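Enquirer: So the protein sequences, as listed, match chains A and B. Residues are numbered in our numbering as their position in the first sequence, beginning at 1, plus a constant of 734. Residues are numbered in our numbering as their position in the second sequence, beginning at 1, plus a constant of 734. Following this message is one structure expressed as structure tokens.
2 protein chains.
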Amino acid sequence: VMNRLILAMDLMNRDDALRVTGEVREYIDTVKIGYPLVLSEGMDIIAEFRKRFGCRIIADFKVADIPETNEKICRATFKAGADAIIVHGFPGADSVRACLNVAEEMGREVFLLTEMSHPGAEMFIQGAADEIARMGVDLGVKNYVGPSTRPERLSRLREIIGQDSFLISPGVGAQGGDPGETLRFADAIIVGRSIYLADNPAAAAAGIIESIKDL
Amino acid sequence: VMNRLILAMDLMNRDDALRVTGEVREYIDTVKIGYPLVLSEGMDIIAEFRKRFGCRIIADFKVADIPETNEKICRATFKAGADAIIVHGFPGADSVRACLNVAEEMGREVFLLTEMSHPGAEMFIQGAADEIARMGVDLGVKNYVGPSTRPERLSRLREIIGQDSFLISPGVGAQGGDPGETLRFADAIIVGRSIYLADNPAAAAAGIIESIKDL
Ligand SMILES: O=c1cc(O)n([C@@H]2O[C@H](COP(=O)(O)O)[C@@H](O)[C@H]2O)c(=O)[nH]1
Ligand SMILES: O=c1cc(O)n([C@@H]2O[C@H](COP(=O)(O)O)[C@@H](O)[C@H]2O)c(=O)[nH]1
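Next comes the structure, spelled out in structure tokens:
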């Protein structure tokens, strides 16, 4: 992705989301849109963004249902124009396979979320994360999400998925993660509040890119 | 809930969803609306249903993000009129607490999803489910979701949460679960395809209720 930086656009107002995304567009080529924005403004926001900014859109819907419901969620999401969808691995292989099947049918991609970045991830997800990543490899998953807040875990996850797999990583900035250290293992970093709550989002994005280019 | 039966309305078309829900309204008082319908027709469908049918609406969004994002998802969901939201417990206590805080602020309820009903739930969720339920009890959660497909697990979950807690259970019908056996442990059953794909949804609902009344 452009500059290895993905914007997590979690503002819940279309006008503010459009303003900030437009201000930082020269620095990115991929926007992660999740439920905070979609549940506030509608699924049409995905095609609006894709068109207005010509960016790729990753729908961060942390899909985590039974296979049959996961298939429906993925079909609705790709119909709305999303390029990729983020899926939880913890509900198991059949639930992930259902998403992979719809992505294959529709010419799109699935990102598998392994370990999460927040403190509570240590309770149950962390202990299962290596196995979730191995499950991804066995299912043919090529895109993964891992935590900026725990670079030693990001390293172990990169070890499991290999160098050919694409790995993106949230938790940079507000949650404490560092751009440069995270990019030692991930291909791209996801950044939300550090950019969208900044007094000058473009300056915040530029600052991050400068520290990345130096790597 | 009326007749201890909750309709899982996972049709993706507003006209079909309204038709089926209207046909079975005399047999229920609670409709579970999830992402298949919301991502296809918009969040306004929640208030439309609540108004048209005078039913309680559980938003089955399997919330499974970091605390900050979970708070935003819950606020948007309750603003749309949902009476309750279903939250995954696998992501940990801070993520669940964020949802409980918004429900307290807005006078609504949180249902904690413990073990899931599909086969893949055996891979990672089942091994953590008793602990997820105990976490719910420690956080003060009073509403839970457990699997119709594994009544021995539903029994163990009921044992952990106590008799005062409210427990609802999906996996009845299409996934193999039985109404009567499930109601030995759960307060209400969730039924989707067995009713909404039936040639006569009202007859299917009536049939289930007749077998429930006999209990
Ligand atoms: O483990 C994970 C997975 C995520 O998708 N995310 C998501 O990435 C973004 C992080 O945003 P922020 O930079 O404001 O902390 C949010 O949209 C969040 O939902 C995360 O923070 N941790
Ligand atoms: O463990 C769980 C948790 C759920 O919410 N569900 C949900 O309950 C419904 C089950 O519907 P059905 O009766 O068609 O199998 C679906 O909406 C599904 O997403 C489930 O099946 N298993």
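Positions of the beta carbon are idealized from the N, C-alpha and C atoms, including for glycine.
(1) Between the beta-carbon of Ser903 (chain A) and the beta-carbon of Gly874 (chain A), is there less than 8 Å?
(2) Whole angstroms is fine: what's the gap from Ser851 (chain B)'s alpha carbon to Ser889 (chain B)'s?
(3) For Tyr761 (chain A), name the three-state secondary structure that DSSP assigns.
(4) Using a Cβ cut-off of 7 Å, pull out every chain B residue sitting near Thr803 (chain A), in sequence order please.
(5) Please indicate yes or no: does the CB of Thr803 (chain B) lie closer than 7 Å to some heavy atom of ligand 1?
(6) Grab the span of the beta strand (DSSP E) containing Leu741 (chain B) for me, first residue to last.
(7) Check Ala932 (chain B) in the structure and name its three-state DSSP category.
(8) Among B:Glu782, B:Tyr769, B:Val735 and B:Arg786, which has the Cα closest to the Cα of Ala793 (chain B)?
(9) For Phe824 (chain B), does the three-state DSSP call read helix, strand or coil?
(10) Taking only beta-carbon positions, decide if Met840 (chain B) is within less than 8 Å of chain A.
(11) Note down the Cα distance separating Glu915 (chain A) from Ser945 (chain A), rounded to an integer number of angstroms.
(12) Per DSSP, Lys766 (chain A) is paired with what?
(13) What does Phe783 (chain A) touch in chain B if you count any residue whose Cβ is under 9 Å from its own?
(14) Helix, strand or coil, according to DSSP, for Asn804 (chain A) in the structure here?
(15) Looking at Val844 (chain A) and ligand 1, is the gap between the Cβ and the nearest heavy atom below 7 Å?
(16) Return the bridge partner residues of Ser829 (chain B) from the DSSP annotation.
(17) Report the three-state DSSP secondary structure of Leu888 (chain B) (helix, strand or coil).
(18) Would you mind sorting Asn877 (chain A) into buried or exposed? The rule is 16 or more other CB atoms within 10 Å of its CB.
(19) To the nearest angstrom, report how far apart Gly896 (chain B) and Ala855 (chain A) are at their CA atoms.
(20) Buried or exposed: where does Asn737 (chain A) fall if 16 or more other Cβ atoms within 10 Å of its Cβ makes it buried?
(21) Could you check whether the Cβ of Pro885 (chain B) sits closer than 8 Å to any Cβ belonging to chain A?
(22) Please list the terminal residues of the continuous beta strand (DSSP E) segment that includes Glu843 (chain A).
(23) If you measure beta-carbon to beta-carbon, which residues of the segment 917 to 934 of chain A are closer than 7 Å to chain B?
(24) State the CB to CB distance for the pair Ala920 (chain A) and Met746 (chain B), rounded to an integer number of angstroms; the pair is presumed to be in contact (CB under 8 Å).
(25) Closest to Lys766 (chain B) by CA distance: which of B:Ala832, B:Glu865, B:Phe795 and B:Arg748 is it?
(26) Just tell me which of B:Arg753, B:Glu893, B:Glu757 and B:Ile740 has its CA closest to the CA of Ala937 (chain B).
(27) Find the nearest neighbour of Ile820 (chain A) within the set A:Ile791, A:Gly841, A:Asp828 and A:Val871, judged by alpha-carbon distance.
(28) Is there contact between the segment 795 to 804 of chain A and the segment 830 to 845 of chain B, where contact requires at least three CB pairs shorter than 8 Å?
(29) Please list the terminal residues of the continuous alpha helix (DSSP H) segment that includes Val871 (chain B).
(30) At a threshold of 7 Å, does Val906 (chain A) count as lining ligand 1 (C-beta to nearest heavy atom)?
(31) Please list the terminal residues of the continuous beta strand (DSSP E) segment that includes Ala922 (chain B).
Expert: Put simply:
(1) Start at 1 with the first residue of the first sequence, and residue 903 (chain A) comes out as number 169. Start at 1 with the first residue of the first sequence, and residue 874 (chain A) comes out as number 140. Contact flag unset, no.
(2) By one-based count along the second sequence, residue 851 (chain B) stands at place 117. By one-based count along the second sequence, residue 889 (chain B) stands at place 155. Going by the C-alpha atoms only, they are around 14 Å apart.
(3) Taking the first residue of the first sequence as 1, we reach residue 761 (chain A) at position 27. Note: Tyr761 (chain A) maps to coil in three-state DSSP.
(4) Start at 1 with the first residue of the first sequence, and residue 803 (chain A) comes out as number 69. Correct list: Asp744, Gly768 and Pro770.
(5) Taking the first residue of the second sequence as position 1, residue 803 (chain B) is located at position 69. Within the cutoff, so yes.
(6) Sequence index remark: in the second sequence, residue 741 (chain B) carries index 7 (1-based). Note, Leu741 (chain B): beta strand (DSSP E), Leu739 to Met743.
(7) Indexing the second sequence from 1 puts residue 932 (chain B) at position 198. Three-state result, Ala932 (chain B): coil.
(8) The residue you call residue 793 (chain B) lines up with position 59 of the second sequence. Measuring from the Cα of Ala793 (chain B), the nearest candidate turns out to be B:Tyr769.
(9) For the purposes of this step, residue 824 (chain B) is identified with residue 90 of the second sequence, where counting begins at 1. Here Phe824 (chain B) sits in coil by DSSP.
(10) As a working mapping, residue 840 (chain B) is identified with position 106 in the second sequence. Not closer than 8 Å to any Cβ of chain A, the Cβ of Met840 (chain B) fails to qualify, so no.
(11) Your numbering for residue 915 (chain A) matches position 181 in the first sequence. Your numbering for residue 945 (chain A) matches position 211 in the first sequence. Spanning the two alpha carbons is a distance of roughly 11 Å.
(12) For the purposes of this step, residue 766 (chain A) is taken as the residue at position 32 of the first sequence. In the DSSP output, where bridge partners are listed per residue, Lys766 (chain A) has A:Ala742 and A:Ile792.
(13) Residue numbering aside, residue 783 (chain A) sits at position 49 when the first sequence is read from its first letter. Here the premise fails: no neighbours, minimum Cβ distance about 16 Å.
(14) Numbered from its first residue, the first sequence carries residue 804 (chain A) at position 70. Correct three-state label for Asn804 (chain A): helix.
(15) Numbered from 1 along the first sequence, position 110 holds the residue referred to as residue 844 (chain A). No, the Cβ of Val844 (chain A) stays beyond 7 Å of every heavy atom of ligand 1.
(16) One-based indexing of the second sequence puts residue 829 (chain B) at position 95. None, per the DSSP bridge assignment.
(17) Mapped onto the second sequence, residue 888 (chain B) falls at position 154. Helix, per DSSP.
(18) To locate residue 877 (chain A), count along the first sequence from 1; it is residue 143. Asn877 (chain A) should be labelled buried.
(19) Residue numbering aside, residue 896 (chain B) sits at position 162 when the second sequence is read from its first letter. Residue numbering aside, residue 855 (chain A) sits at position 121 when the first sequence is read from its first letter. Approximately 26 Å between the Cα atoms of the pair.
(20) As a working mapping, residue 737 (chain A) is identified with position 3 in the first sequence. Buried, by the Cβ-count rule.
(21) As a position in the second sequence, residue 885 (chain B) is number 151, starting the count at 1. For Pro885 (chain B), the answer is no, since every Cβ of chain A falls outside 8 Å of its Cβ.
(22) Locating residue 843 (chain A) in the first sequence gives position 109, counting from the first residue. Where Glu843 (chain A) is concerned, the enclosing beta strand (DSSP E) stretches over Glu843 to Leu847.
(23) none
(24) The residue labelled residue 920 (chain A) in the question sits at position 186 within the first sequence. The residue labelled residue 746 (chain B) in the question sits at position 12 within the second sequence. Actually they do not touch by this definition, with Cβ atoms about 35 Å apart.
(25) The sequence position of residue 766 (chain B) within the second sequence is 32, counting from 1. Checking every option, the nearest Cα to that of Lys766 (chain B) belongs to B:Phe795.
(26) Position 203 of the second sequence, counting from 1, holds the residue named residue 937 (chain B). Nearest of B:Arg753, B:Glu893, B:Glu757 and B:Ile740 to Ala937 (chain B), Cα basis: B:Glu757.
(27) Your numbering for residue 820 (chain A) matches position 86 in the first sequence. Checking every option, the nearest Cα to that of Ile820 (chain A) belongs to A:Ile791.
(28) no
(29) Position 137 of the second sequence, counting from 1, holds the residue named residue 871 (chain B). Its alpha helix (DSSP H) spans residues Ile859 to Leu873.
(30) In the first sequence, residue 906 (chain A) corresponds to position 172, counting from 1. Yes; taking the cut-off as 7 Å, the Cβ of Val906 (chain A) has a heavy atom of ligand 1 nearer than that.
(31) The count along the second sequence starts at 1 and reaches residue 922 (chain B) at position 188. Where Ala922 (chain B) is concerned, the enclosing beta strand (DSSP E) stretches over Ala922 to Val925.
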